[PDB]
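Only one structure is covered here, and it is reproduced in the block below.
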Amino acid sequence: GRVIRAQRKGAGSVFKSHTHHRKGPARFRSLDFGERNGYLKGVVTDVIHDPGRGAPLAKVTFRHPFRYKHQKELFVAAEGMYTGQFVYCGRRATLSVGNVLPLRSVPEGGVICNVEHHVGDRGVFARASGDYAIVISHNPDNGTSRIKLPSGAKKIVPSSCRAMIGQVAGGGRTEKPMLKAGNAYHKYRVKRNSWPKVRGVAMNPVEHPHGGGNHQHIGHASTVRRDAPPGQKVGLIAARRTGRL
Amino acid sequence: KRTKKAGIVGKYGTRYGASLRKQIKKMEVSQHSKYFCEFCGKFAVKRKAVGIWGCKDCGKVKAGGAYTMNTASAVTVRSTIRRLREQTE
Amino acid sequence: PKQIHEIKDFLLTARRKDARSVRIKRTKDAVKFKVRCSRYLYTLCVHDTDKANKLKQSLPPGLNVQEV
Amino acid sequence: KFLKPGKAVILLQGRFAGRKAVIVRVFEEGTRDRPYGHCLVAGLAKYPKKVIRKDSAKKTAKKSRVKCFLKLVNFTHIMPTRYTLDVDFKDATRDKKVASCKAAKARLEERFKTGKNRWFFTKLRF
Amino acid sequence: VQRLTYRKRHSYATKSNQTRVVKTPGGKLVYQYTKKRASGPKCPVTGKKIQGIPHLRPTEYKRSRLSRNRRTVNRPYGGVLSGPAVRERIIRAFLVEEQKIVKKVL
RNA sequence: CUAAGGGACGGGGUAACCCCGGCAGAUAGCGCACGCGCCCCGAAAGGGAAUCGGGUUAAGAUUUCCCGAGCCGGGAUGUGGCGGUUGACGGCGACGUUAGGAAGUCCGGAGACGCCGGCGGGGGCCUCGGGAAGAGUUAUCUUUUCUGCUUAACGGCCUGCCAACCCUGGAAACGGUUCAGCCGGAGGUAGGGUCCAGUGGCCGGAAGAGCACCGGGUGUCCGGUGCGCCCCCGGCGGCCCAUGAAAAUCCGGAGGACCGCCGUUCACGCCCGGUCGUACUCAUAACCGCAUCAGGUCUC
RNA sequence: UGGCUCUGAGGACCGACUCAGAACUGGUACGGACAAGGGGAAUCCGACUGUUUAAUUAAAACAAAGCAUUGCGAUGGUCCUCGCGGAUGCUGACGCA
RNA sequence: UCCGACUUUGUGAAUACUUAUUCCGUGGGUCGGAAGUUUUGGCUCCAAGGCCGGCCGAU
Ligand SMILES: [K+]
Ligand SMILES: [K+]
Ligand SMILES: [K+]
Ligand SMILES: [K+]
Ligand SMILES: [K+]
Ligand SMILES: [K+]
Ligand SMILES: [K+]
Ligand SMILES: [K+]
Ligand SMILES: [K+]
Ligand SMILES: [K+]
Ligand SMILES: [K+]
Ligand SMILES: [Mg+2]
Ligand SMILES: [Mg+2]
Ligand SMILES: [Mg+2]
Ligand SMILES: [Mg+2]
Ligand SMILES: [Mg+2]
Ligand SMILES: [Mg+2]
Ligand SMILES: [Mg+2]
Ligand SMILES: [Mg+2]
Ligand SMILES: [Mg+2]
Ligand SMILES: [Mg+2]
Ligand SMILES: [Mg+2]
Ligand SMILES: [Mg+2]
Ligand SMILES: [Mg+2]
Ligand SMILES: [Mg+2]
Ligand SMILES: [Mg+2]
Ligand SMILES: [Mg+2]
Ligand SMILES: [Mg+2]
Ligand SMILES: [Mg+2]
Ligand SMILES: [Mg+2]
Ligand SMILES: [Mg+2]
Ligand SMILES: [Mg+2]
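Protein chains in written order, with the deposited numbering: chain CA, 2 to 246; chain Cp, 9 to 97; chain Ck, 2 to 69; chain CZ, 3 to 93, 102 to 136; chain Cg, 2 to 107.
So, in structure tokens, the structure goes:
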């Protein structure tokens with residue numbers, strides 16, 4: 002046969018992400034002494050749109066801790082943030098929406114977003130629009146914290162990891178029906194070369210395991226081993242169950 | 009007048025199915041509505057992009073919902089964060 | 002090109018060292034005095050017949066004078 | 003009642019925006035030329051510079067100099083402060107105006123050397 | 002009706018190739034190439050136009066090419082901030098500074 | 001100059017050819033000893049120092065030659081002016097005036113941006129009339145039909161659209177207002193002003209040119225109109241789970257270390273401006289399709 | 001539905017088109033050339049717009065919105081690479097596969 | 001590709017350690033031990049001052 006479409010994406014030739022009009026990585030400011038021990042005030046100057054990202058980003062300006070310079074940051078905006086608003090980052094920052102705090106400073110039940118996995122990660126969890134993590138419990142002995150991720154999984158994180166207070170802005174985006182192939186075309190035009198998908202049963206056997214036949218049918222179970230080689234691993238991969246419950 | 013039930017959704021003609029048009033109607037209305045600006049006190053907040061809500065006159069720009077200025081959970085989150093902040097003291 | 006309004010300022014410009022020539026152009030209305038300097042050509046419009054003559058006689062003797 | 007001669011103000015608009023001035027005369031009702039309330043002020047066009055011990059004697063004499071401007075200002079272009087500077091001023103032509111400016115410069119330079127009114131001579135940062 | 006041609010070897014109607022029609026003393030029509038429309042100075046805190054300065058291409062503001070009065074405004078933050086922005090900063094600078102003293106006393 | 005992207009020092013891999021650029025490696029240097037310190041290539045449609053009119057050849061110049069008139073960049077140097085309350089005046093103010101300190105450091109703007117729909121403005125063209133010049137028709141009619149009646153960059157003064165801004169004042173019996181909107185105690189209507197742009201007006205250029213007539217001479221003038229056409233601009237509205245380049249370059253600003261016969265972004269004055277392309281075709285015959293091929297080939 | 005002779009209405013500070021009405025009149029001809037839908041009643045398939053076998057198949061085929069399922073919390077899933085390393089990823093479950 | 005053995009691979013207690021190895025962050029900018037700034041969409045640098053180039057201010 003020939004190389005299937007699932008395999009060709011790893012070469013990254015025509016399958017690289019479309020990033021020409023993106024505003025830069027969204028993440029916390031690098032962890033430093035002022036954040037580790039006190040608070041630092043920045044001001045929100047813009048709430049802007051990032052192509053390919055559902056959530057709006059917030060442009061924030063700080064004063065550099067030891068250089069006579071401005072420090073401009075850009076992270077995911079929590080819902081309710083606005084221009085001309087003072088945000089505070091650090092150990093002594095108040096529990097308010099838009100502030101960046103260590104998890105040790107957030108009590109049980111707090112709603113947080115852009116949560117670090119390692120201390121100084123600048124935010125790894127709950128970054129998509131409308132998503133958030135929940136603080137479940139605190140362990141002072143190990144100095145770890147238990148959070149609940151948007152997928153439902155529990156996760157143990159160091160209590161020094163930073164998160165922003167609130168949920169990500171732009172929620173409710175996927176409740177609206179797209180209604181048109183053209184609306185889907187514009188969505189993926191600024192993301193990746195992935196949108197119009199051809200069914201494997203609509204192919205020839207040279208191109209896909211599902212291809213061929215005098216009727217469009219898979220002809221073997223669509224559930225496939227976790228250890229199948231690339232080119233063979235198509236369909237439902239390592240499925241514990243199928244069907245609609 | 010001009011329509012008995014379609015409203016804003018009449019731009020779609022006969023296409024996409026009646027249930028889908030009725031589904032999109034509430035978000036089409038809400039995303040094109042004018043919202044109250046708490047900062048200046050006027051109904052001048054308009055959606056600039058998904059999640060972005062800017063007041064026309066005072067110029068404030070606010071991060072909000074995709075198709076409505078304030079989502080329901082946003083109010084609930086603010087109350088939970090406020091109660092946690094007070095009880096923290 | 003630039004215009005000169007008062008007669009005296011034309012007199013000093015025609016006395017400039019970099020001034021090369023003066024052209025006198027006669028129209029049905031007035032008489033134009035144009036002095037070619039290094040960067041600009043300066044034009045002065047004299048609406049009076051005798052003031053044109055007095056200007057003609059009072060020009061610097063070192064400057065070339067041409068009739069157009 | 004707080005816009006009286008001797009009271010310190012800040013100019014908000016114009017060529018001297020952000021400069022500190024002292025009121026000299028108040029036309030609360032306004033003249034016929036100026037219907038609005040307005041006052042004559044004497045302000046600092048150039049603040050005396052930072053004077054430190056390490057400096058030499060000639061240099062610190064140069065840093066203590068001030069320039070003064072006289073201006074009629076609408077009340078709405080003035081930010082009234084709580085401070086007070088009294089130097090007994092009690093005040102048309104381009105020659106009378108500049109001469110009166112030089113007199114106020116001598117009085118204000120002398121007040122600055124006294125050490126008082128440190129806020130008045132220390133600029134504003136915006 | 003005296004149709005026209007381009008006068009240089011640019012053959013595409015780009016924004017940098019915009020022309021105008023003029024009548025010459027020779028009694029004919031020729032193309033003259035114009036300059037692209039440019040924004041003037043803008044205020045960063047209000048977004049409004051900066052008064053007193055013309056709207057030119059950036060290199061037409063060069064000192065050898067433009068007079069100084071045209072380039073500047075006589076006020077602090079002259080061509081950078083508008084009058085309303087400067088008034089707000091002066092008032093904010095003074096009022097917050099007074100609050101710092103009151104915080105110290107109390 | 002940078003775009004998508006390409007190459008590439010060290011390092012890593014590799015038998016070698018060669019394959020890897022973020023993996024950080026004393027980064028190879030910049031200002032005034034002292035201070036600072038986060039490679040190149042890639043667009044004759046993107047960004048961008050500065051030119052116009054008239055003439056000229058067998059063949060050029062749709063801006064290269066000639067005539068005239070400007071401009072830009074760079075470099076030296078005066079003469080005059082301007083400032084010293086050392087670093088100018090005026091205006092309530094918006095802001096104005098050709099000048100009118102300054103180092104490391106720091107901050108902003110322009111460059112610089114989508115699609116669609118009305119409306120308004122400017123330029124050119126078309127179109128109606130009058131006057132004068134020449135030509136056509138003319139058995140009859142036709143104060144008629146046709147042609148032309150021009151004004152460049154650049155400089156000065158005026159004007160000042162649609163928005164934006166300023167001062168006074170204080171609004172319900174609400175008012176103002178668009179084709180549509182919309183706007184007002186966070187200050188409307190009103191009154192009076194500031195700025196903005198023009199491909200607007202007048203003057204200079206410049207009638208001496210060009211054109212049309214008569215044999216050197218005459219003329220190159222006065223109006224009207226518009227859901228008209230093309231280009232550009234302005235200002236609103238709509239749309240997006242789509243929000244529609246970057247850098248060079250230029251301008252402005254914050255601060256005020258440092259400095260007096262020395263400063264001067266002013267006017268006028270002086271010198272200089274490299275290399276390569278430039279003819280012609282651009283198509284039912286100059287390109288590709290074995291051709292002088294009914295095909296194909298991007299534009300004004 | 002032509003031609004002709006009129007009439008009325010709609011304005012600005014003298015003008016432009018439009019729209020209505022009437023009389024008369026021609027070998028009933030008049031959107032006089034040009035330009036310019038044939039219509040109706042049903043069955044099958046595909047929702048629709050889009051796409052495709054350059055040079056015999058334009059379709060009922062492909063795509064599509066909607067619906068559903070699977071894997072995955074980064075020490076990860078999926079994929080590329082001889083190797084070193086790399087794409088998704090300027091990404092983080094309203095996401096990627 | 002999963003899985004086991006050996007190698008990388010060391011040390012000490014009746015499972016702990018850290019320096020090998022691996023990963024993450026930073027313009028390697030306040031680590032270990034002890035002693036003693038919430039403000040309104042504004043500015044913030046190159047130290048004033050004190051005491052003898054030097055020390056404190058800046059444990
Ligand atoms: K193969
Ligand atoms: K595709
Ligand atoms: K499909
Ligand atoms: K099959
Ligand atoms: K100006
Ligand atoms: K180019
Ligand atoms: K562009
Ligand atoms: K030009
Ligand atoms: K040529
Ligand atoms: K041919
Ligand atoms: K990966
Ligand atoms: Mg097939
Ligand atoms: Mg197969
Ligand atoms: Mg370069
Ligand atoms: Mg690149
Ligand atoms: Mg190598
Ligand atoms: Mg290049
Ligand atoms: Mg170009
Ligand atoms: Mg030729
Ligand atoms: Mg539309
Ligand atoms: Mg008015
Ligand atoms: Mg002229
Ligand atoms: Mg002539
Ligand atoms: Mg055209
Ligand atoms: Mg300054
Ligand atoms: Mg049937
Ligand atoms: Mg179909
Ligand atoms: Mg179709
Ligand atoms: Mg095709
Ligand atoms: Mg075929
Ligand atoms: Mg066919
Ligand atoms: Mg269905």
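Even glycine gets a Cβ: it sits at the ideal position worked out from N, Cα and C.
Chain-order list of residues whose beta-carbon lies under 6 Å from that of residue i (same chain, five-residue window excluded)
| i | result |
| --- | --- |
| CZ/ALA19 | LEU13 |
| Ck/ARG21 | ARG37 |
| Ck/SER39 | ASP19 |
| CA/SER146 | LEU104, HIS139, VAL158, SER160 |
| Cg/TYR32 | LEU5, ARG8, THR20 |
Cβ of residue i within 7 Å of any chain CZ Cβ
| i | result |
| --- | --- |
| Cg/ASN75 | yes |
| Cg/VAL106 | no |
| Cg/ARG90 | yes |
| Cg/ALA94 | yes |
| Cg/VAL2 | no |
Within-7 Å CB hit, residue i to chain Cg
| i | result |
| --- | --- |
| CZ/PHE131 | no |
| CZ/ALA19 | yes |
| CZ/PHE136 | yes |
Cβ neighbour criterion (16 or more within 10 Å) applied to residue i
| i | result |
| --- | --- |
| CA/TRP196 | exposed |
| Cp/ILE89 | buried |
| Ck/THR28 | exposed |
| Cp/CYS66 | exposed |
| CZ/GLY8 | exposed |
| CA/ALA164 | buried |
| Cp/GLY21 | exposed |
Contact under 7 Å by Cβ, residue i with residue j
| i | j | result |
| --- | --- | --- |
| Cg/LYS49 | Cg/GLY41 | no |
| CA/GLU74 | CA/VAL88 | no |
| CA/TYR40 | CA/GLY91 | yes |
| CA/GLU80 | Cp/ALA71 | yes |
| CA/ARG174 | Cp/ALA80 | no |
| residue 5 of chain Cp | Cp/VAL58 | This structure gives no information on residue 5 of chain Cp, because the portion of chain Cp shown stretches from 9 to 97. |
| CZ/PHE130 | CZ/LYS48 | no |
| CZ/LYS61 | CZ/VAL53 | no |
| Cp/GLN39 | Cp/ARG55 | yes |
| Cg/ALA39 | Cg/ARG69 | no |
Residue-chain proximity (residue i, chain CA), Cβ-Cβ < 7 Å
| i | result |
| --- | --- |
| Cp/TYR43 | no |
| Cp/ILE32 | yes |
| Cp/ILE16 | no |
Cβ of residue i within 7 Å of any chain Cp Cβ
| i | result |
| --- | --- |
| CA/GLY183 | no |
| CA/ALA222 | no |
7 Å CB neighbourhood of residue i in its chain, flanking five on each side removed
| i | result |
| --- | --- |
| Cg/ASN18 | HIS11 |
* Asked: How do the region 39-58 of chain CZ and the region 70-83 of chain CZ stand: do at least 3 beta-carbon pairs fall below 8 Å, yes or no?
  -> yes
* Between the region 40-57 of chain CA and the region 145-155 of chain CA, are three or more C-beta pairs nearer than 8 Å? -> With the cut-off at 8 Å, the region 40-57 of chain CA and the region 145-155 of chain CA do not touch.
* Do the region 36-47 of chain Cp and the region 56-70 of chain Cp make contact, defined as three or more Cβ pairs closer than 8 Å? -> Proximity of the region 36-47 of chain Cp to the region 56-70 of chain Cp meets the contact definition, three or more beta-carbon pairs being nearer than 8 Å.
* Asked: Is it a yes or a no for the region 106-125 of chain CA touching the region 25-33 of chain CA, going by three-plus beta-carbon pairs under 8 Å?
  -> yes
* Should the region 198-213 of chain CA be regarded as contacting the region 20-27 of chain CA, the criterion being three or more beta carbon pairs within less than 8 Å? -> no
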